[PDB]
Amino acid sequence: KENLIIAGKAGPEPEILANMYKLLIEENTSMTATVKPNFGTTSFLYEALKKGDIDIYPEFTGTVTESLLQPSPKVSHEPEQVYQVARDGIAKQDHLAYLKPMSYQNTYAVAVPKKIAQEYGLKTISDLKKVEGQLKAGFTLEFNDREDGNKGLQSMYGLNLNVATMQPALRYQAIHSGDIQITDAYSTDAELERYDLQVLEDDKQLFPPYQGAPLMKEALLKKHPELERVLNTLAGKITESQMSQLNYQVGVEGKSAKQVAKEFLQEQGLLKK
């Protein structure tokens, strides 16, 4: 009875996904699983998977192509083609099996409050160049370090924003309290609707498609080939409205994310009872 270490990045959403994995593995295989919530950021999840410290983690397709793949391929904005380059690229580079993606897109999103976008005429990311000497931005450290992040805001848009580096769990409160007026939101985050935040349109298309999918070593899939069929029951499933409600239940209502993942997969017929 092997026990697989399933970890996630920071936030309720990868903890929900890791528990969804654990529920499907424990029911449909002879293995158990342990969920490591908020295990780290993208690179730490990536190097722990290659080092064998963790077994599965939900990785996003544009994050493979931009951060994990070196040199980064020039991909399209079609999510199926971004997945195919990410799956073939991460198998070529690090021998990691990238299973089939989910339906929803959880992208990076430049978000300002609803008052600020109407006060300053902000509708797209290019509109931040009008006002970049006025508002203060609060970004996560990884978004600052990423070429599909604040570095791409500098490179593709010309935006040299007044950026304060933030922890991920404190950026939504600070945009709510008014200490910052720009933050790196995630598309399926419940704090977008909870804090009246208006997502600015990616008019120059800096951000690639970002669909989540299980990422694991190829050797683990060769040892356990049932892991492919079991976890691909989530493939092409879970909408943006469904995932944002799961983040609302765990992150805001304080529900246990193993329970939140269990009721959802039972409601969709993906889990027993």
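One-based numbering along the sequence shown.
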item: 110-118 versus 93-101 - which carries the larger mean C-alpha B factor in the record; value: 110-118
item: Segment of higher mean CA temperature factor, 248-256 or 13-21; value: 248-256
item: Among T32, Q211, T42, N38 - the residue whose C-alpha B-factor is largest in the record; value: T32
item: Candidate set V85, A185, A169, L135 [ranked by C-alpha B-factor, highest]; value: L135
item: Where the record places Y195 (Cα B-factor, split into thirds across the chain); value: highest
item: Where the record places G149 (Cα B-factor, split into thirds across the chain); value: lowest
item: Position of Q205 among the chain's modelled residues by C-alpha B-factor, lowest, middle or highest third; value: highest
item: Chain-relative CA temperature factor third for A7; value: lowest
item: Within-chain third of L141 by Cα B-factor, per the entry; value: lowest
